[PDB]
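In: output the structure for:
(11 chains, ligands or ions: 2)
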Amino acid sequence: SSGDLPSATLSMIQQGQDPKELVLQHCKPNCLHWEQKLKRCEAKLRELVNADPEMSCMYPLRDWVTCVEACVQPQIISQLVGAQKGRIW
Amino acid sequence: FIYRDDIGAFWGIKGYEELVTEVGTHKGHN
Amino acid sequence: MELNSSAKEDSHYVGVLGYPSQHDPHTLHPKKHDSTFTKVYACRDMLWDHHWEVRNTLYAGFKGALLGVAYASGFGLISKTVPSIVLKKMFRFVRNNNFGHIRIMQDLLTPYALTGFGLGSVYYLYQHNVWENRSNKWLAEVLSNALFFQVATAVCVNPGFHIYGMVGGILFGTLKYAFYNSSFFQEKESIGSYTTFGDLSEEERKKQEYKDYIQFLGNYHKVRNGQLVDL
Amino acid sequence: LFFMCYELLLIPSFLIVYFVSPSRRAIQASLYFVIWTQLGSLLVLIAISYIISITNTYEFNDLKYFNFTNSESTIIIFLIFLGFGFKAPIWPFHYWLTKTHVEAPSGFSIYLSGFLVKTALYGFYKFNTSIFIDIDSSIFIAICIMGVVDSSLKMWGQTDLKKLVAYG
Amino acid sequence: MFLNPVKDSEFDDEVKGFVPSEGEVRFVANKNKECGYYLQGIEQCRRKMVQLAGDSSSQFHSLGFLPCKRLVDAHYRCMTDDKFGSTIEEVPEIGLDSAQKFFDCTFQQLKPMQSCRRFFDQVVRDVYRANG
Amino acid sequence: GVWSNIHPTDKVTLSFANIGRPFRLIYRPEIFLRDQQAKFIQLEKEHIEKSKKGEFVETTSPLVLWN
Amino acid sequence: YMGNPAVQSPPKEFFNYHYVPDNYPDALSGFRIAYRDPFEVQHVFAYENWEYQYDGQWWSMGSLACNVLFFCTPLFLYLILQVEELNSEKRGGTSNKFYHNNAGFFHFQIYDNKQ
Amino acid sequence: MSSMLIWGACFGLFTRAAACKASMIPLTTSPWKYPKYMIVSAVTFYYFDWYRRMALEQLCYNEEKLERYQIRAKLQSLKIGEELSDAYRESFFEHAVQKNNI
Amino acid sequence: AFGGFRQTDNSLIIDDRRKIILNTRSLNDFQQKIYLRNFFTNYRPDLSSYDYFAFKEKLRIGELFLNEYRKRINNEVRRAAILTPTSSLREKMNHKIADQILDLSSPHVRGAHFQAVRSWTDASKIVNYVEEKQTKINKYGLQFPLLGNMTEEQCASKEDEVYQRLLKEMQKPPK
Amino acid sequence: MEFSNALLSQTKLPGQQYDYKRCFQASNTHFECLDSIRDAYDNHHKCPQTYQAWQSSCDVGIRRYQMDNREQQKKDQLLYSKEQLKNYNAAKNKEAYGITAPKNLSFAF
Amino acid sequence: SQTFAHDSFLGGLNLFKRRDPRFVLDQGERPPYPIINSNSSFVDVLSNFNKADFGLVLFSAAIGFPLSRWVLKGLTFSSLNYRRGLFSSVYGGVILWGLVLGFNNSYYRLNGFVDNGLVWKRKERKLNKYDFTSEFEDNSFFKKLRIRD
Ligand SMILES: CCCCCCCCCCCCCCCCCC(=O)OC[C@H](COP(=O)(O)OCCN)OC(=O)CCCCCCCCCCCCCCCCC
Ligand SMILES: Nc1ncnc2c1ncn2[C@@H]1O[C@H](COP(=O)(O)OP(=O)(O)O)[C@@H](O)[C@H]1O
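Out: Residues are numbered from 1 along each chain as shown, chains lettered A, B, ... in the order given. Ligands and ions are numbered 1, 2, ... in the order given. This is the structure:
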């Protein structure tokens, strides 16, 4: 039986390590439109002086982080103990 | 009866534009 | 010629290459200086929202209705035999009306168009809400198509012909998984292609590829079994 | 060569049933035997084609030096089980065996039930043992047990001794 | 093979079995599937060098198995993952005895290469246990 | 016999068990390998030459080819 | 359905034994062939030629509950086997698994090398 | 066994015998056909052995030529944007620049 | 040469060793071999083919040896049933025999079961037990001829070795 | 087919013909110069006048085929030798007169 | 392997001696023998006619008679005049085919595909890496059909 056999691989999760930084790096290419929008927002905000306080790039950053973490969060969770899909469903 | 979903308001709920709320449920699936 | 291009896309590879991504926002953002007509006409971006479930269901129904109308036009209406008296009455109506052919086509295609619309909408809702979270994608597709087509043939063709409908649903699900869900004959990246990270030195990468080649030489049956003559 | 020798048992069997059988109904029985056993042979052919094409070899040790993914192993085990169960026969693929045994000559009926099905068993054993399979065999066990039950429950309703022996 | 002598025994050669760790098993299996080319190469090189310079009247008889030294060193580097030197002479002292046994069983008592693999894997296991 | 004296494998196995494989690989495996190792053999020769000079090249260390 | 207790005239049209053309007869024990009873031969070749008359007749013919149970029997067997698999998994017993513990070596197969 | 000529001679003998049996004519009919069939079959199978060896050799040479074609087709089959990718830049520049010496 | 089957799953593969990112749907035969087909299919994948054949044979002998243990304890129970009357049989049986009977039970020995479900560690422990027994019987040359095939010269040399070993062991101080 | 250098070289303009005699004269002179140099890589700039003659006389497809063949020949010459190949082919045929028994109970991988 | 000397009456037999089973050469592949006229015209080929092509025509005439008779062996319901006319037409066709073969041989000698009494200054150096035919041909009749073994 497969369960009686040794494991051929040792992922970072199985070694007690956090792959969050690497998965962030490898999911950043999935979200470049939002990153470019955030960079444009930062460049425009640095352009003007004493802008209105109701003018922040936290919303472009929120969009970029949502896009990126939509890629990093489930994947890592799929590698965690106790996240098994079930016997039947 | 339609909501943009790109303005930080999930399904028209417009109280949480200042934080990341979608990951794990709508954007991705933990 | 591609099937399900937007869903079948390696977003990471597309972003690394800089290729345009079909998942990029397809929307319009009016400024607060545009006319009211510009504001209104910019609302058409709602028709481009693939996450709008009402729009998706309506468009799936439209595609199903188009398929049903095509089937009626090519294989359905000509197959069945209309009574002669009914045909004579229809042609009399065409004679006495300025556009009677359009009315005849409306009457003939209405059952097929409605059946196609209903089947498309129900199929989209069924697949989207019941089977989009299953692990075994092929098995989910096969089972869903089998049940759906068995029910459809039990109500559209004849309830006695439901075993054949189930078998046809199994075959259609296998075909859909093979081509509509998998990138067969529609590959968007070269086989064996990869992307590099970590800023490894070229010498280190060359050493790693030499090690891989040494391991690759074990895949030859003559090399692995030591059945090579001295050349 | 294993697969080919398994495949060579059809032509002499069909020739025996077609020309040596005295009963006039044995022509249709021969046709049923050929079509059923050849569908099983086609399934086994697909499985062995997978094995040969994926790992380009012909040796069980070379198979030992290779691993099939879960989907490939599942397809292989399903195909070999269904083919060798067409030849076994298994539920619901014993109609050919019933018809042939009722209509075949007694010598072939001795040889058909006694031996060829054992060749199918040997083929299945050689194929499945050499491949690592990670799926649950409960479906195949259920098919075999259903075959046992289905065959056993039909023995009372057989007034033909040869058909009763076929169900046994 | 996977037996340790009992230090305080009532008889000469009483042994006790042990099981290596899953990490050691995984490492050794992966490296043997990645470095099995070098082992077959060592066997074939030994046979070819015996064919060529095995006779004492040959010019290359005094060189022995030196042409296979590169194969042995490459196998050592591949099995040790390039972390314990470029040559098997740089083996840690724990694996020194096992390396000597491997060299004896490979080039002095020309045993079948199964035993040689046993001894080389023993070297690798000693190194792994030292530096897991 | 005469039909199957061209390869040490039976004709049936040659016909069916070699699907989409180079006939160079099937019939002349050594030449196939040595031909695909053309650049690697030169790199190994350069590595040996530099090793005789006391310059150990780590990059081409795995390239120790016997056949 | 059941047999008719009433006395009936012997059948005039019934399936009978038919032999292949150019058939060599069976001449065991003096080659004595007796005339066959029409009712016996009719029963001999009745089940083989029996057919269902209309679609779905197989369900209600006899006992509907018994037919449903027989049809669902393979599903019942599979579900019972799944329950037993649960029991074995909870107790770490023999599972319904293809135990590949021999790594491909066959049962007492000779494994020798040629010189 | 070892001689394709003898194999062809035996093939011709048995072919003549089986043609006599199939035609229902007695054996020993048209006796000159036996040596004629032996000679024709021996020559034909000898030539086929030579031709199959020649075809195998030229097929090996054609495969040597074809390996270049498959490499240059794989480089030309790269999807747009993959030519300058890190996985194919070196090979693409080897074939586009280094292998451009006409 | 080993090949592979084209994959359909659109799942990224990240390799820390080679610092490369691959998609499962786009993998060649070697990439599939080193990524998708890299798992293990036997108890001791670190052993060669010959070594694992020996391991498998010793594991089968160990399962049969545990079954032999159970059979011997059953035979001794049968002997106790005859040599000891029921008036005092259960006390003497509960002394030592009952504990060993419960030790050699359904999980601990295969018995009549199809498969003795052992983890790789348990199989290795059983094989090591068999190897301990083999070592302790071979040090005295008991394997020939029931459990070993030896030539005449090998038998004579083994006899000399066992004679020297027996003398050395007999001339050792008691514990 | 679109990836085939040979099939693309076989294409030509209407009325385009190759003076094969002149082409092969120029090719022989240039390749004789290159082999006299005998370098690992064919530096055509070290045989200037013959390189110009070879370019003018021969067509692009002909030169491409010639360079591919020269690369293949250089690789083969660096790899093999006549007597070695003869002995190897003799041994291969002699082995083909036998069988390939499986290597049961191996010691690798 | 030796070839029949050109400009003799057996020079057409060199058409049956091929070093490789290929129909044609590659685009940039050098022909086995030096090129006399690559841009050959019809009258150039006619002027390059010689004893080899005449011998090819003679071989066609000699073998064409039994072939024409064999063709006529299937003719029935025919007068003697029609039989003679059919024989004459078939024989003339075979002789015309021999003329075509001689023309092809002359064209090949012009292009250097077959032996033309000339040799390249430096022969193409080929390593016979894959060799399934040398030992077979050295002990058989087929050494006369493959050039350079
Ligand atoms: C020690 C010995 C002493 C002496 C012993 C006694 C004398 C021995 C005499 C030996 C034989 C002498 C032969 C003389 C010349 C014969 C010429 C000949 O038959 O040529 C066959 C021909 C040559 O092939 P090749 O040259 O490669 O083709 C043209 C390439 N430029 O080949 C072809 O045409 C090949 C055609 C390939 C395509 C068709 C075949 C493959 C596909 C079909 C397979 C078969 C199916 C059935 C076909 C119909 C059969 C009738
Ligand atoms: N094959 C049969 N099918 C149905 N009923 C039968 C059958 N054989 C006998 N019976 C019943 O058993 C009884 C025995 O009748 P039997 O002795 O054969 O006729 P009789 O009394 O005229 O000699 C009959 O009355 C009949 O009802």
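
In: pick out the residue of chain A closest to chain G.
Out: For chain A and chain G, the shortest gap (C-beta to the nearest C-beta) falls at residue A:1, measuring 4.9 Å. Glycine gets a C-beta too; all of them are placed from N, C-alpha and C.

In: ramachandran coordinates for residue H:84?
Out: With angles defined as degrees, to the nearest 10, residue H:84 sits at phi -90, psi 10.

In: what residues are up against it?
Out: For residue H:84, the contacting residues are residue H:92, by C-beta atoms under 8 Å, 6 or more residues apart in numbering or on different chains.

In: helix or strand: which one has residue G:66?
Out: helix G:64-71 (DSSP states H and E).

In: residues of that helix that come out buried?
Out: The neighbour-count criterion (16 or more other C-beta atoms under 10 Å in any protein chain shown) identifies no buried residues in helix G:64-71.

In: if we can go back for a sec, measure how buried the residue of chain A closest to chain G is and give me the count.
Out: 16 (other C-beta atoms under 10 Å in any protein chain shown).

In: helices of the chain, start to end?
Out: Defaulting to chain A. Taking DSSP state H as the criterion, chain A carries its helices at A:20-27, A:33-47, A:58-77.

In: I was thinking of chain F, sorry if that wasn't clear
Out: Under DSSP H, chain F gives helices at F:11-17, F:23-27, F:29-36, F:38-52.

In: would you mark the buried spots in the longest one?
Out: Within helix F:38-52, the residues that qualify as buried are F:40, F:43-44, F:47, counting by 16+ other C-beta under 10 Å.

In: same check, this time on stretch C:188-204
Out: Buried residues in stretch C:188-204 (16+ other C-beta under 10 Å): C:188-190, C:192-195, C:197.

In: and chain K, which of these contact it?
Out: Among the buried residues of stretch C:188-204, no residue is within reach of chain K (C-beta under 8 Å from any C-beta of the partner chain).

In: just give me the closest of those to chain J.
Out: residue C:190 (13.7 Å).

In: which one in chain F is furthest away from the centre?
Out: residue F:54 (29.1 Å; C-alpha atoms, centre = their mean).

In: mind checking how far that one is from residue E:87?
Out: Taking C-beta to C-beta, to the nearest Å as the measure, residue F:54 falls 14 Å from residue E:87.

In: surely residue A:18 meets residue A:24?
Out: No. Counting by C-beta atoms under 8 Å, residue A:18 does not reach residue A:24; the two are 10.8 Å apart.

In: more neighbours: these two, which one.
Out: residue A:24 (14 against 10).

In: now for the nearest residue to the more buried one once chain neighbours are set aside, how many residues are close by?
Out: Nearest non-adjacent residue to residue A:24, counting by C-beta to C-beta, 6 or more residues apart in numbering or on different chains: residue A:72, 5.5 Å away. Other residues near residue A:72 come to 23 when the count uses other C-beta under 10 Å.

In: so which residues on chain J come close to chain E?
Out: J:105, J:107-109.

In: redo that, cut-off 10 Å
Out: Along chain J, the residues adjacent to chain E under the rule C-beta under 10 Å from any C-beta of the partner chain are J:105-109.

In: ok, so of the residues you listed, who is nearest residue C:118?
Out: Residue C:118 lies nearest to residue J:109 out of these, by C-beta to C-beta, at 58.9 Å.

In: so the closest one belongs to a helix, correct?
Out: No. Under DSSP: H, G, I helix; E, B strand; the rest coil, residue J:109 sits outside any helix and is assigned coil.

In: now it. Nearest residue, chain neighbours left out?
Out: In space, residue J:109 is closest to residue E:36, 3.8 Å off (C-beta to C-beta, 6+ apart).

In: give the burial count for that neighbour, as a bare number.
Out: 25.

In: from memory it sits against residue C:216, does it?
Out: No. Using C-beta atoms under 10 Å, residue E:36 is not in contact with residue C:216, being 11.6 Å away.

In: between those two, which contacts overlap?
Out: Each of residue C:223 lies in contact with both residue E:36 and residue C:216 under the rule C-beta atoms under 10 Å, 6 or more residues apart in numbering or on different chains.

In: out of the buried residues of helix F:38-52, who's nearest ligand 1?
Out: residue F:40 (36.1 Å; C-beta to the nearest ligand atom).

In: pretty sure that closest one sits against residue J:79.
Out: No. Assessed by C-beta under 10 Å, residue F:40 is found out of contact with residue J:79, at 11.3 Å.

In: mutual contacts of these two, please.
Out: Listed contacts common to residue F:40 and residue J:79 are residue F:34; contacts here mean C-beta under 10 Å, 6+ apart.

In: how about the contacts made by the residue in chain G that ligand 1 sits nearest to?
Out: Per C-beta to the nearest ligand atom, residue G:114 is where chain G lies closest to ligand 1, at 33.2 Å. For residue G:114, the contacting residues are J:98-104, by C-beta under 10 Å, 6+ apart.

In: sorry, back to before: mind checking how far the residue nearest to residue J:109 is from chain A?
Out: From residue E:36 across to chain A, the span is 15 Å (C-beta to the nearest C-beta, to the nearest Å).

In: contacting residues for that residue?
Out: By C-beta under 10 Å, 6+ apart, residue E:36 lies in contact with C:214-215, C:217-218, C:223-224, D:65, E:75, E:78, E:117, I:48, J:106-109.

In: list the contacts for residue 11?
Out: Because you didn't say which chain, this covers chain A. A:17, A:19, A:79, I:14, I:16.

In: oops, wrong one, chain K.
Out: K:3-5, K:50-56, K:102, K:105, K:109, K:114-117.

In: try 6 Å this time
Out: K:4, K:52 (C-beta atoms under 6 Å, 6 or more residues apart in numbering or on different chains).

In: spatially nearest residue to the residue in chain G that chain E sits nearest to (excluding sequence neighbours)?
Out: The nearest approach of chain G to chain E comes at residue G:113, 9.9 Å away (C-beta to the nearest C-beta). Distances taken as C-beta to C-beta, 6+ apart put residue J:104 closest to residue G:113, at 5.9 Å, once the chain neighbours are dropped.
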